[PDB]
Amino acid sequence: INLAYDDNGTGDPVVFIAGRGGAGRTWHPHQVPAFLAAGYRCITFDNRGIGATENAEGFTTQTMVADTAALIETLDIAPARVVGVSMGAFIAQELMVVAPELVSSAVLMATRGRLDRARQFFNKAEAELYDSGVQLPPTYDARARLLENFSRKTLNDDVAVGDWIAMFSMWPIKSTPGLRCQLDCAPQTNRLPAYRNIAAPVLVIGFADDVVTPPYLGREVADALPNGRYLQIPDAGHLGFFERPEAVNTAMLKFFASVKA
């Protein structure tokens, strides 16, 4: 399957992998322009289970890893820099495990390397919501999105909240077979021992106020990676890269500037 992708700029290639429910478009409001200004070529794409493949099911982390590898291959950009968030960070982790030759260095945001209890509770709650067929009313769905994704400081800022609520109407997340299958694309076992063999330089970024993927789980991944290090962004929830894009972009661009392509 060809996945839709957007290819911008010329220069050292960086492949962005969005998290569950995110199209490649997720990276364009805040990341791509900054990376273009710094002279990178940016590739974004629609993960399996999004957009044209929203009715796909029965796929696994390995399928998504293969999809990503195929993208890097087909564009002739091996090895590429990789930026991944949540599910996207997991896919990047797992890609570095099987095909380290395709990745020169990586940033992994809001990530984890085992099936921790927070993930278990999330899995169960989401799968249940899906299987029940219940539709959350719109304002209640938006309140849940606000609470799960943003820091305290943002929720206190009246103008910001008005924007994020507007932002939700411009960013609808349809409940699809694809979205449900993506829920399964997460650690099912302790992958930390496997990450101990990843040689690439890696920056793990944890977001301070993250309740979906608490920052301490990112520390575990950075600790396991021989050349990994951990950075924490304050006052950032799970959508830290959208919320504090200046802090997050500075961290990634400083890291990527320090390492060879």
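Start at 1 and count along the sequence shown; that's the residue number.
Looking at mean Cα B-factors across 56 to 64 and 41 to 49, the upper value is held by 56 to 64. Of the two segments examined, 179 to 187 and 163 to 171, it is 163 to 171 that shows the higher average Cα temperature factor in the deposited entry. Per the PDB entry, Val134 shows the highest C-alpha temperature factor of the residues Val134, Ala110, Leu147, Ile91. Within the listed group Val97, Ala142, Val83, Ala80, the record reports its top CA B-factor for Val97. Residue-level temperature factors show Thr74 in the highest third of its chain, judged at the C-alpha atom. Among the modelled residues of its chain, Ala236 has a C-alpha B-factor that falls in the middle third according to the deposited record. For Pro33, the recorded CA temperature factor ranks within the lowest third of the chain's modelled residues.
Annotation for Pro245: CA B-factor lies in the middle third of the chain's modelled residues.
Remark: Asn156 belongs to the middle third of its chain, ranked by C-alpha B-factor as recorded.
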